[PDB]
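Peer 1: Have a look at this one.
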Amino acid sequence: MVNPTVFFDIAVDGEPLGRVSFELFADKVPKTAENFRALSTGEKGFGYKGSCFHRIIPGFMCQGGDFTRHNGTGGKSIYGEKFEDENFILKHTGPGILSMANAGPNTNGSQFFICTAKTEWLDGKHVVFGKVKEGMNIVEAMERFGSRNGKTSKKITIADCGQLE
Ligand SMILES: Nc1cccnc1N
């Protein structure tokens with residue numbers, strides 16, 4: 001098995017910005033990796049394409065994936081509304097880490113976050129499942145549209161997404 005690679009093509013108020021790719025750690029967290037992959041291709045009939053990064057805190061993280069309520073209160077996984085914390089093997093070691101957002105134990109859906117700082121206090125409570133492969137520069141440019149309270153000054157969208165070879 002080769003870990004899958006996913007891409008997001010990011011736009012800022014509709015204007016193309018660049019591409020972020022991610023390695024997904026299917027070898028360590030296959031069930032969590034597979035949910036992100038499938039949401040990124042849209043093969044179940046729903047997913048991330050056209051969704052927004054609704055909360056961006058510079059020096060912390062970029063959060064996205066709420067395609068049902070567009071604001072951090074929604075989303076769903078490919079396995080149902082919620083699924084369990086698969087494992088906490090991987091840690092939040094620094095910028096570029098891809099990890100699941102949640103609302104308590106065993107409440108993973110579709111929302112995720114990209115770290116822009118080390119976030120060690122999240123270790124053992126959010127499932128880490130991937131990392132930025134290319135385009136950390138693009139993540140840094142997104143990040144400049146965020147604010148201390150998370151609200152973005154321009155709309156940051158996933159204009160397109162899918163799986164790379
Ligand atoms: N439903 C939900 C809400 C907040 C964060 N993650 C989630 N999956």
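Ligands are numbered from 1 in the order shown, residues from 1 within each chain, and chains are lettered A, B, ... in the order they appear in the structure tokens.
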Give me, as a PyMOL selection string, all polymer residues having an atom no more than 12 Å from residue 36 in chain A, counting only C-alpha atoms and skipping those fewer than 4 positions away in the same chain.

Peer 2: chain A and resi 4-8+22-26+29-32+40-44+46-49+64-65+75-79+98-100+108-113+128-130+161-163

Peer 1: Which of range 46-116 of chain A end up as strand (DSSP E) when DSSP is run on this backbone - answer as number ranges by chain?

Peer 2: A: 55-57, 61-64, 97-100, 112-115

Peer 1: Could you write out that same residue set with N, CA and C atoms as a tab-separated table (two decimals), in the first residue's frame?

Peer 2:
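Now in out.tsv:
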```tsv
chain	number	residue	atom	x	y	z
A	55	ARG	N	-12.91	28.93	9.89
A	55	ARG	CA	-12.24	29.44	11.06
A	55	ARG	C	-10.73	29.34	10.84
A	56	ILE	N	-10.04	30.47	10.77
A	56	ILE	CA	-8.57	30.52	10.55
A	56	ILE	C	-7.99	31.42	11.61
A	57	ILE	N	-7.13	30.86	12.47
A	57	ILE	CA	-6.46	31.56	13.53
A	57	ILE	C	-4.94	31.52	13.19
A	61	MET	N	-4.21	27.36	13.54
A	61	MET	CA	-4.75	26.39	12.61
A	61	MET	C	-5.70	27.02	11.61
A	62	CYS	N	-5.94	26.28	10.54
A	62	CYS	CA	-6.99	26.54	9.58
A	62	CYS	C	-8.05	25.43	9.65
A	63	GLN	N	-9.32	25.69	9.91
A	63	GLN	CA	-10.32	24.63	10.03
A	63	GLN	C	-11.33	24.73	8.93
A	64	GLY	N	-11.78	23.54	8.43
A	64	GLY	CA	-12.70	23.48	7.35
A	64	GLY	C	-13.50	22.17	7.43
A	97	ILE	N	0.42	19.51	9.98
A	97	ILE	CA	-0.40	18.39	10.45
A	97	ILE	C	-1.84	18.48	10.17
A	98	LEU	N	-2.45	17.42	9.64
A	98	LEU	CA	-3.87	17.36	9.35
A	98	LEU	C	-4.51	16.50	10.42
A	99	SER	N	-5.55	17.01	11.08
A	99	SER	CA	-6.14	16.38	12.21
A	99	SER	C	-7.66	16.62	12.23
A	100	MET	N	-8.40	15.73	12.90
A	100	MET	CA	-9.86	15.79	12.92
A	100	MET	C	-10.30	16.79	13.95
A	112	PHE	N	-12.15	19.16	9.81
A	112	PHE	CA	-10.73	18.90	10.00
A	112	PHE	C	-10.00	20.20	10.20
A	113	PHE	N	-8.76	20.13	10.61
A	113	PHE	CA	-7.94	21.30	10.68
A	113	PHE	C	-6.50	21.05	10.22
A	114	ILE	N	-5.86	22.08	9.71
A	114	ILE	CA	-4.48	22.03	9.28
A	114	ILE	C	-3.79	22.86	10.31
A	115	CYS	N	-2.87	22.29	11.08
A	115	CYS	CA	-2.06	23.09	11.99
A	115	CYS	C	-1.11	24.05	11.27
```

Peer 1: Determine which residues of chain A DSSP labels as helix (DSSP H, G or I) from the backbone of this structure, then write them out as a PyMOL selection string.

Peer 2: chain A and resi 30-41+120-122+136-143

Peer 1: Please determine, counting only C-alpha atoms and all ligand atoms, which residue among A:81, A:160, A:15, A:134 has the shortest atom-to-atom distance to ligand 1.

Peer 2: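 The answer is A:81, which sits nearest to ligand 1.
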
Peer 1: What is the atom 1 (N, counted along the ligand's line) of ligand 1-CA of residue 133 in chain A distance in Å, reported with one decimal?

Peer 2: 26.6 Å

Peer 1: May I ask for the distance between CA of residue 126 in chain A and CA of residue 87 in chain A, given in Å to one decimal place?

Peer 2: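 A separation of 9.1 Å between them.
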
Peer 1: Go through A:106, A:27, A:127, A:138 and flag the residue nearest residue 1 in chain A, using only C-alpha atoms for the distances.

Peer 2: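 Going through A:106, A:27, A:127, A:138 one by one, the smallest distance to residue 1 in chain A is for A:27.
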